[PDB]
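Colleague: Residue numbers (the UniProt record's numbering), protein chains in the order written: chain A, 641 to 676, 689 to 727; chain B, 922 to 1147; chain C, 728 to 827, 854 to 969; chain D, 1018 to 1066. Even for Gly, the Cβ is constructed at its ideal location relative to N, Cα and C. Take this structure, written in structure tokens, and hold onto it; I'll ask about it next.
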Amino acid sequence: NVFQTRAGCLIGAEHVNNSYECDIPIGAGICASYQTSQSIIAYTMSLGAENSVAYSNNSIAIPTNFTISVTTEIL
Amino acid sequence: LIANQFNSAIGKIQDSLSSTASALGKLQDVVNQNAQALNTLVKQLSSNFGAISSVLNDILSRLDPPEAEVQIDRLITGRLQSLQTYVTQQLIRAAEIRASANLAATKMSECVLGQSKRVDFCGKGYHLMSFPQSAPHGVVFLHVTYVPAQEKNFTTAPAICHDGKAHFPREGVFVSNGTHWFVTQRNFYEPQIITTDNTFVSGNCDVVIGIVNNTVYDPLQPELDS
Amino acid sequence: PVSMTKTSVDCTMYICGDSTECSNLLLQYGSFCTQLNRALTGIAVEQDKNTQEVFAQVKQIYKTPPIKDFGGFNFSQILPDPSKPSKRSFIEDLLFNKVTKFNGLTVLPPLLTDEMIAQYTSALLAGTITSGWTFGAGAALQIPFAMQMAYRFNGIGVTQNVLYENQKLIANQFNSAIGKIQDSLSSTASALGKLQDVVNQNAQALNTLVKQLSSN
Amino acid sequence: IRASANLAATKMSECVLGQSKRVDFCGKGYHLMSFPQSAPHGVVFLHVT
Ligand SMILES: *[C@@H]1O[C@H](CO)[C@@H](O[C@@H]2O[C@H](CO)[C@@H](O)[C@H](O)[C@H]2NC(C)=O)[C@H](O)[C@H]1NC(C)=O
Ligand SMILES: *[C@@H]1O[C@H](CO)[C@@H](O[C@@H]2O[C@H](CO)[C@@H](O)[C@H](O)[C@H]2NC(C)=O)[C@H](O)[C@H]1NC(C)=O
Ligand SMILES: *[C@@H]1O[C@H](CO)[C@@H](O[C@@H]2O[C@H](CO)[C@@H](O)[C@H](O)[C@H]2NC(C)=O)[C@H](O)[C@H]1NC(C)=O
Ligand SMILES: *[C@@H]1O[C@H](CO)[C@@H](O[C@@H]2O[C@H](CO)[C@@H](O)[C@H](O)[C@H]2NC(C)=O)[C@H](O)[C@H]1NC(C)=O
Ligand SMILES: *[C@@H]1O[C@H](CO)[C@@H](O)[C@H](O)[C@H]1NC(C)=O
Ligand SMILES: *[C@@H]1O[C@H](CO)[C@@H](O)[C@H](O)[C@H]1NC(C)=O
Ligand SMILES: *[C@@H]1O[C@H](CO)[C@@H](O)[C@H](O)[C@H]1NC(C)=O
């Protein structure tokens, strides 16, 4: 159950087409994770949801509402 | 509404901190590296460094000084070399913290003591205010931020012709709900009727591109008529 | 500069060329080398963190609309070019061309391949042209690039009507200014000195490390 | 490098994502907008001023 990557030989992890958020970094763009019956999968990283913006030369989007969100920063 | 959004938002911070320690990783990391470094320091004591015995007294015993000096000297060079590494690691690691402290000072001086217009320097999104909380060997900030949530599509125009004179908004931008033209503030939908008060005239229609015909209501004239 | 070559050097293979006799003597020195191996690991994982912080600042990957109708401005240079194999813009490649063993020394690969980095810089650049600063705050909001620039003037204290009256002149001044950037990078390599300086120091560092092997 | 990386990190956030009123933090002149471009082991900014 061997998978070949630029990082090296990867043994005991099953390749998958699906991409997800990077979970455990192997390098050269492959991250591995525990997922479903559960096993270890190695996948190409997902850089985030694809989102084209409905741009045009006369269209503007105005927020109509707000959320006060408090975040934590630790140093 | 904002009070409720703020009060609940503080509430979640408890729960995220109450159950998961993944947030506190950064401070815990500093403790481990320093604590782990000392373990390496004391561990080197047991190492022989190529001498008959690692225990110094056993060298003082088990043979007279004139030969024992050679064995001790081998011990010293090993131990002395261990400090050279350990100290040199601290200075470099100490420099890292001091760089982090100066960032904290700037972040404290510029986030809690005042509003900061630097984007993403004090929390994601538009910044309102910040709270410091002390933490073991560190500081924890609560960045209270304003995040615009729900948006709408509106047709917009750079400027408005009224009598052959271009009109530009004093503040905010022109938005049309499809049949009527309004000026609304930049970050919130608060449509309000076009007036000479909202708009300052400049130049002539032809030069601007995309300018749209409409009417600019004038407050004074009905007052004059009535 | 953002990241440096992620290198890891093995304790023993460098010190002892596979001599058990040499290895046993090394065990007397105790845990020296394992902190060296560990310290170099600390550097290595850190670099993959650097590139995260510089680029991975956008939560979604925006792409520009197909038709490049930007009020006259011309980002064809800096926007990604499909024809080139790596999804890289024209000005990016001028950079990748300008900038140019077996004793336990291994060079670990970076976590973000040069392709994926190019997607962030495509995403960040696509965000700036259609949403201004908004995508940093929250959901990206479409806004005609003519107006967004008119906002930006209003930021520096010049009233808006300066832009809309002089849109045509600004566009050419912006389009031409991009033009000079290509030539300065394409012809003169003194610009990329800093990145080239990072690489040379590291390669020079390893060679001195290997040269030390052959001294008595 | 890390000091240089954060300086890029700050410069990315405060200059690309938003207009910055800090003087010469974003190239000489009043700042309008900046563009990021990737590079070998580094990042190159275009500062439109
Ligand atoms: C703006 O968004 C807030 C987000 O909460 C909305 O407030 C909620 O309104 C619903 C009404 O269906 C209430 O049931 C919730 O309790 C409200 N939330 C909170 C936290 O109080 C608000 O209605 C939105 N305003 C507009 C005009 O759409
Ligand atoms: C756009 O907004 C305007 C202003 O609110 C709307 O015009 C009003 O429409 C209501 C009916 O919903 C009438 O009772 C008012 O008399 C109208 N005002 C004026 C000044 O005519 C208009 O209907 C909205 N249209 C859309 C498509 O949103
Ligand atoms: C806005 O309204 C003006 C009229 O106030 C329009 O100007 C007309 O333009 C046409 C086309 O060139 C001419 O044939 C007319 O003679 C113009 N009118 C006058 C009074 O000179 C203008 O076209 C309108 N623009 C938009 C975008 O609606
Ligand atoms: C943006 O500028 C580029 C040039 O950098 C334009 O691409 C050129 O288009 C002309 C046709 O007008 C061709 O003859 C050139 O060969 C093109 N150059 C390259 C490098 O492809 C592009 O058309 C401009 N876009 C707009 C909308 O004007
Ligand atoms: C990925 O998909 C292709 C076809 O789209 C398929 O042939 C291949 O087996 C898939 N990979 C895995 C690991 O199943
Ligand atoms: C604005 O219009 C676009 C058209 O493609 C649509 O995808 C988008 O959802 C609209 N905005 C909202 C808030 O629905
Ligand atoms: C906006 O783009 C449309 C094409 O969809 C074009 O017909 C129109 O003239 C443009 N208007 C401006 C002001 O650029």
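Verify whether the separation of the beta carbon atoms of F1089 of chain B and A1078 of chain B is less than 8 Å.
Modeller: To locate residue 1089 of chain B, count along the second sequence from 1; it is residue 168. To locate residue 1078 of chain B, count along the second sequence from 1; it is residue 157. Against a cut-off of 8 Å, the Cβ pair of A1078 of chain B and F1089 of chain B comes out as no contact.
Colleague: Going by DSSP, name the residue or residues bridged to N925 of chain B.
Modeller: Residue numbering aside, residue 925 of chain B sits at position 4 when the second sequence is read from its first letter. The partner list for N925 of chain B (beta bridge, DSSP) is empty, contrary to what the question assumes.
Colleague: Can you name, in chain order, every residue of its own chain whose Cβ lies under 8 Å from the Cβ of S1055 of chain B, other than the five neighbours on each side?
Modeller: Locating residue 1055 of chain B in the second sequence gives position 134, where the first residue counts as 1. Answer for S1055 of chain B: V1061, listed in chain order.
Colleague: Quick check on the DSSP output: what are the complete alpha helix (DSSP H) runs of length 4 or more inside the region 861-902 of chain C, in order along the chain?
Modeller: Segments of the alpha helix (DSSP H) lying fully in the region 861-902 of chain C: 867-884, 887-890.
Colleague: Keeping to the same chain, check which residues put their C-beta closer than 6 Å to that of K790 of chain C; ignore five residues upstream and five downstream.
Modeller: If you number the third sequence from 1, residue 790 of chain C lands on position 63. A distance below 6 Å between beta-carbons, with the five flanking residues on each side excluded, links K790 of chain C to the following residues of its chain, in chain order: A879.
Colleague: Flag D950 of chain B as yes if its beta-carbon sits less than 8 Å from any beta-carbon of chain D, otherwise no.
Modeller: Sequence index remark: in the second sequence, residue 950 of chain B carries index 29 (1-based). No, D950 of chain B does not count as interfacial toward chain D.
Colleague: For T1105 of chain B, which of helix, strand or coil comes out of DSSP?
Modeller: Locating residue 1105 of chain B in the second sequence gives position 184, where the first residue counts as 1. Strand.
Colleague: What does DSSP give as the partner residues of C649 of chain A in its beta bridges?
Modeller: As a first step, residue 649 of chain A is located in the first sequence; it is residue number 9 there, counting from the start. Its beta-bridge partners are A:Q644.
Colleague: To the nearest angstrom, how far is it from the Cα of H655 of chain A to the Cα of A694 of chain A?
Modeller: Counting from one through the first sequence, the residue named residue 655 of chain A turns up at place 15. Counting from one through the first sequence, the residue named residue 694 of chain A turns up at place 42. Distance between the alpha carbons of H655 of chain A and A694 of chain A: 5 Å.
Colleague: Taking all protein chains shown into account, do 16 or more other C-beta atoms lie within 10 angstroms of the C-beta of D1041 of chain B, making it buried, or fewer, making it exposed?
Modeller: If you number the second sequence from 1, residue 1041 of chain B lands on position 120. By the 10 Å Cβ count, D1041 of chain B comes out buried.
Colleague: Please classify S1097 of chain B: does DSSP put it in a helix, a strand, or coil?
Modeller: Within the second sequence, numbered from 1, the residue matching residue 1097 of chain B stands at position 176. Secondary structure at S1097 of chain B: strand, using DSSP grouped into helix, strand and coil.
Colleague: For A1022 of chain D versus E748 of chain C, is the C-beta distance shorter than 8 Å?
Modeller: In the fourth sequence, residue 1022 of chain D corresponds to position 5, counting from 1. In the third sequence, residue 748 of chain C corresponds to position 21, counting from 1. For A1022 of chain D and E748 of chain C, no; Cβs fall outside 8 Å.
Colleague: Alpha carbon to alpha carbon, how far is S813 of chain C from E868 of chain C?
Modeller: In the third sequence, residue 813 of chain C corresponds to position 86, counting from 1. In the third sequence, residue 868 of chain C corresponds to position 115, counting from 1. Rounded to whole angstroms, the gap between the alpha carbons of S813 of chain C and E868 of chain C is 6 Å.
Colleague: Taking the alpha helix (DSSP H) that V951 of chain B belongs to, which residues open and close that run?
Modeller: For this step, residue 951 of chain B is matched to residue 30 along the second sequence. Element bounds for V951 of chain B: 946-967.
Colleague: Consider the Cβ of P862 of chain C: report whether some Cβ of chain B lies at a distance smaller than 8 Å.
Modeller: In the third sequence, the residue the question calls residue 862 of chain C occupies position 109. Using a Cβ-Cβ cut-off of 8 Å, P862 of chain C does not count as an interface residue toward chain B, since no Cβ of chain B sits closer than that to its own.
Colleague: Please confirm if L877 of chain C has its CB atom under 8 Å from at least one CB of chain D.
Modeller: The residue given as residue 877 of chain C occupies position 124 in the third sequence. It does; some Cβ of chain D falls within 8 Å.
Colleague: Anything in chain B within Cβ reach of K1038 of chain D, meaning under 8 Å, just list it in chain order.
Modeller: Within the fourth sequence, the letter at position 21 stands for residue 1038 of chain D. Simply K1038.
Colleague: For my contact list, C743 of chain C and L754 of chain C are in at a C-beta cut-off of 8 Å; report their separation, rounded to the angstrom.
Modeller: For the purposes of this step, residue 743 of chain C is taken as the residue at position 16 of the third sequence. For the purposes of this step, residue 754 of chain C is taken as the residue at position 27 of the third sequence. Cβ atoms of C743 of chain C and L754 of chain C stay farther apart than 8 Å, at about 11 Å.
Colleague: Closer than 7 Å is what we want: which residues have a beta carbon that near any heavy atom of ligand 4? List them in chain order.
Modeller: C:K795, C:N801, C:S803, C:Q804, C:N928
Colleague: Ligand 2 heavy atoms versus the CB of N1074 of chain B: any closer than 7 Å?
Modeller: Stepping through the second sequence from its first residue, residue 1074 of chain B is reached at position 153. For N1074 of chain B, the shortest C-beta to heavy atom distance toward ligand 2 is 7 Å or greater.
Colleague: When DSSP builds the beta bridges, which residues end up paired with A694 of chain A?
Modeller: By 1-based counting over the first sequence, the position of residue 694 of chain A is 42. In DSSP, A694 of chain A forms a bridge with A:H655, A:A672.
Colleague: What distance in whole Å lies between the Cβ atoms of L864 of chain C and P665 of chain A, which are believed to be in contact at a cut-off of 8 Å?
Modeller: Position 25 of the first sequence, counting from 1, holds the residue named residue 665 of chain A. Position 111 of the third sequence, counting from 1, holds the residue named residue 864 of chain C. Between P665 of chain A and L864 of chain C a beta carbon distance of about 5 Å is seen, short of the 8 Å cut, so the two are scored as contacting.
Colleague: Taking CB distances under 8 Å as the criterion, tell me whether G1044 of chain D reaches chain B.
Modeller: Against the fourth sequence, residue 1044 of chain D aligns to sequence position 27. No Cβ of chain B is located within less than 8 Å of the beta carbon of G1044 of chain D.
Colleague: Pick from C:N777, C:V772, C:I788: whose alpha carbon is nearest that of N703 of chain A?
Modeller: Here residue 703 of chain A refers to the residue found at position 51 when the first sequence is read from its first residue. Measuring from the Cα of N703 of chain A, the nearest candidate turns out to be C:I788.
Colleague: Specify the secondary structure class of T778 of chain C as computed by DSSP and reduced to three states.
Modeller: Here the question's residue 778 of chain C lines up with position 51 in the third sequence. Reduced to three states, the DSSP call for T778 of chain C is helix.
Colleague: If the cut is a Cβ gap below 8 Å, which residues of chain A does residue 1173 of chain B touch?
Modeller: Outside the shown range of chain B (922 to 1147) lies residue 1173 of chain B, about which nothing can therefore be said.
Colleague: Do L1049 of chain D and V1065 of chain D come within 8 Å of each other at the CB atom, strictly closer than that value?
Modeller: On the fourth sequence, position 48 is the one that residue 1065 of chain D refers to. On the fourth sequence, position 32 is the one that residue 1049 of chain D refers to. Yes, Cβ-Cβ distance for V1065 of chain D and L1049 of chain D is below 8 Å.
Colleague: Consult DSSP for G1059 of chain B and reduce its assignment to one of helix, strand or coil.
Modeller: By 1-based counting over the second sequence, the position of residue 1059 of chain B is 138. Strand.
Colleague: Using a Cβ-Cβ cut-off of less than 9 Å, give me the residues of the region 729-745 of chain C that come near chain A, in sequence order.
Modeller: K733
Colleague: If the criterion is Cβ atoms closer than 8 Å, does the pair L858 of chain C and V785 of chain C meet it?
Modeller: Here residue 858 of chain C corresponds to residue number 105 of the third sequence, with the count starting at 1. Here residue 785 of chain C corresponds to residue number 58 of the third sequence, with the count starting at 1. No.
Colleague: Can you give me, in chain order, the residues of the region 711-725 of chain A that have a beta carbon less than 7 Å from any beta carbon in chain B?
Modeller: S711, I712, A713, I714, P715, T716, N717, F718, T719, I720, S721, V722, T723, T724, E725
Colleague: If you draw a straight line from the alpha carbon of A1087 of chain B to that of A892 of chain C, how long is it in whole angstroms?
Modeller: As a working mapping, residue 1087 of chain B is identified with position 166 in the second sequence. As a working mapping, residue 892 of chain C is identified with position 139 in the third sequence. Those two C-alpha atoms are separated by around 32 Å.
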